[PDB]
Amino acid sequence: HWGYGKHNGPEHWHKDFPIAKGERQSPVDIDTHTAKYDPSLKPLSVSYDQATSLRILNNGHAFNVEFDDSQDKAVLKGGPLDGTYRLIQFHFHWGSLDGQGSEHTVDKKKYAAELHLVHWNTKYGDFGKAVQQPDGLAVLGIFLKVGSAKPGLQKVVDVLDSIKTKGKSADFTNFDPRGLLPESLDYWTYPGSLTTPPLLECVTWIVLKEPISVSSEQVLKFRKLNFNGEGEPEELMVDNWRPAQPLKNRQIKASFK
């Protein structure tokens, strides 16, 4: 099925998922000199104190840290959003080398990786019905650069040895996603899509301007994961990023002057 190799990578995905060539695909390049400050934006509220992580899963494309979304426990509100969006999972995209790995770019700059915290609009009752809606989802996107270690990431790095291959999962309780956030919540926002199949056009993207720094050793451990299942030839899980897609008839708005 789909992946990130020569034969099944992002340029192929449109054959099984025609929305790949849609009007509101993600990611995009964020041209900082075309994005405009929007005074109509309310302050962004990241309310993660009651977050309940459950498990971490290698799905043969990335790894997901999954949360209990059965109540309003870890929510995103404010900014461009109308109402309350509940955190369901996060995951990353990364490169084989530090010069690439992000999906959004900033003035064509690629970061070493990118974190996506996925949330769904509680007015639609659950995630499945949220992805039938143009405002069903909000993804908080955070760039990673290589520099100092991120201590709030090390519990993730240390569990990766136990979910090396596709279909492996591990308990992952009591993980605090606050430890993944940069100091500033300045952001760009635009209407887009999920960046993996099914590529659904439901997402209000909120992409933080300030990257987090992780260490070379941390990112190196991401690169030891496998796309393949146990007992299959090793294909290292690297370069699991979709490139920038056409902006089409969209505007990117900045939360800051």
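Just count from 1 along the sequence shown to find any residue number. Each form is matched to the other, and the largest set of C-alpha atoms that superpose within 1.5 Å is called the rigid core.
Stretch 35-43 is the one, of 35-43 and 201-209, whose CA positions lie farther from the shown form in 8 other deposited structures of this protein once all structures are superposed by the rigid core.
Here 59-67 and 199-207 are compared by their mean Cα B-factor, and 59-67 comes out higher.
Across the two stretches, 149-157 and 93-101, the PDB entry reports the greater mean Cα temperature factor for 149-157. Per the PDB entry, 171 shows the highest C-alpha temperature factor of the residues 171, 186, 114, 135. Looking at 193, 228, 32, 218, the one whose CA carries the top B-factor in the deposited record is 228. When the CA B factors of the chain's modelled residues are split into thirds, the value for residue 253 lands in the lowest one. Remark: residue 233 belongs to the highest third of its chain, ranked by C-alpha B-factor as recorded.
Sort the chain's modelled residues by C-alpha temperature factor and residue 213 lands in the middle third, per the entry. Split the chain's modelled residues into thirds by C-alpha temperature factor. Residue 74 is in the highest one. Among the modelled residues of the chain, residue 141 sits in the lowest third by CA temperature factor in this PDB entry.
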